[PDB]
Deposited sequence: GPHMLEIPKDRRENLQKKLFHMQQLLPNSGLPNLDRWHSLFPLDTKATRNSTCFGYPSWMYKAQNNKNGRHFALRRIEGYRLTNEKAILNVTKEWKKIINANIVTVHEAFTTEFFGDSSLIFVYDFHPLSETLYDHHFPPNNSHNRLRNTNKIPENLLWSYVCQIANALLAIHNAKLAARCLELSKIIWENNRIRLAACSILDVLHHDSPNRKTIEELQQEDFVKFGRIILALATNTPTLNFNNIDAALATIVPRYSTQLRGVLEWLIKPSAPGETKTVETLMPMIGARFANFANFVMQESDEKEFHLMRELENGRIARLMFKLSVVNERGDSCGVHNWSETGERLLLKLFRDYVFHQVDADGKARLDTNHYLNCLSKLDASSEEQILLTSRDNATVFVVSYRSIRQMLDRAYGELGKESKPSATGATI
């Protein structure tokens, strides 16, 4: 657990518990301690047709943290069966889709608001805000985005559904991992609108919105228009590979001369980039595995110190336990040439690691009166510790 990852995982735990008491936010029937997640001071109705609000809240029943998406000013009776379509989205298990649990309307916000509950992903930021704060992205990261979004659309389309909402502000970023964070919403907000589209047509719009998102990132232009669909498409050939340009072209262009666009057709176009991506995720999962084991090592190290602390100053004054006493002094009571304490976390860690591994390496244990000195190995010290601790269990 190096410095950055350990404090990042602590920053995550800190974000999950994080509260803001004076905010003047209401408590729902099954939710409390609502925490505002919006990082910007402006809200527009371009994405949903209504203003949107984001919240982190605690469940009254299980105490775990969830994310709440609020759609301001939407009227719909809570008892309506349409809100239950989130149950179909719940069935979809995907790493690039934020799982939705349920949907309900509420009036605790002083109006008519619709609430979607999602998994809470700590330290998440929108893909827009991450790449466009108020200078080009590497192609590997762009392909990582292409592979992740395609993976999401694959599961969605095969579930006889569509993304509907596919934009930069509605995709959350967290350590290069992206997820669709507004699914199942438009399913409700467009259930009985004029000019309803088919799930077949909506699935096609996904591919178009897909291409535009990546194209925007590739051309480093936040606002994207139709008048430059071929202008910005030709700007990526020297900077990025022709393969990247080819995928963007396929996604954006209305490919309907003899056939309709399908996710299965998109996959071979990606091809080798999937292997590269999968390789990276596998290696990152490997790194998480070592940190897991290091942390489990810490537990074994803590349990060794438990035994050691039980024995010390408890019989314990003199004997084979006297060496255990002197061993503790060796590890934690180190002082400099002046006489001042030499605090050293590294020394503590490596001493106990060698004790846990029963290292054959030897160390010098000086007695209280610097007259007697013990040449002893970690292996011997470990065996004395287990021996003495067991003799206390006989009682």
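- Judged by missing C-alpha atoms, the gaps in the deposited chain sequence fall at residues 1 to 6, 141 to 150, 331 to 338, 420 to 429, listed in sequence order.
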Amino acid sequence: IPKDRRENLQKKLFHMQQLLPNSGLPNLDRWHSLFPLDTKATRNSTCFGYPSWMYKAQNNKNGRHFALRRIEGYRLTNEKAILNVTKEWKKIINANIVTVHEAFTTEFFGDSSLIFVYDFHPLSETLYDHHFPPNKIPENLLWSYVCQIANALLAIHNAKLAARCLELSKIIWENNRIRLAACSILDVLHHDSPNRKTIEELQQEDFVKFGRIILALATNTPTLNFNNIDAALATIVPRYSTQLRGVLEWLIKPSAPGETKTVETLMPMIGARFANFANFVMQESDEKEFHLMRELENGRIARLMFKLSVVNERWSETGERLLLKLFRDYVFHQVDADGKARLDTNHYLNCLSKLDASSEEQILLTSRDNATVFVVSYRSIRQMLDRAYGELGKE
From here on, numbers count along this sequence of modelled residues.
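- In this entry, the higher average B-factor at the C-alpha atoms falls on 37 to 45, of the pair 362 to 370 and 37 to 45.
- Per-stretch averaging of Cα B factors for 315 to 323 and 233 to 241 places 233 to 241 on top.
- Across the residues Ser193, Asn96, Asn276, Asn84, the deposited record lists the maximum Cα B factor for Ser193.
- Considering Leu189, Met269, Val281, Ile156 together, the PDB entry gives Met269 the largest C-alpha B factor.
- Per-chain ranking of the deposited C-alpha B factor places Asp338 in the highest third.
- In the PDB entry, a CA B factor belonging to the lowest third of its chain's modelled residues is recorded for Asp206.
- Ranked by Cα temperature factor within the chain, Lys61 sits in the highest third according to the deposited record.
- Compared with the other modelled residues of the chain, the Cα B-factor recorded for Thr345 ranks in the lowest third.
- Sort the chain's modelled residues by C-alpha temperature factor and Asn135 lands in the highest third, per the entry.
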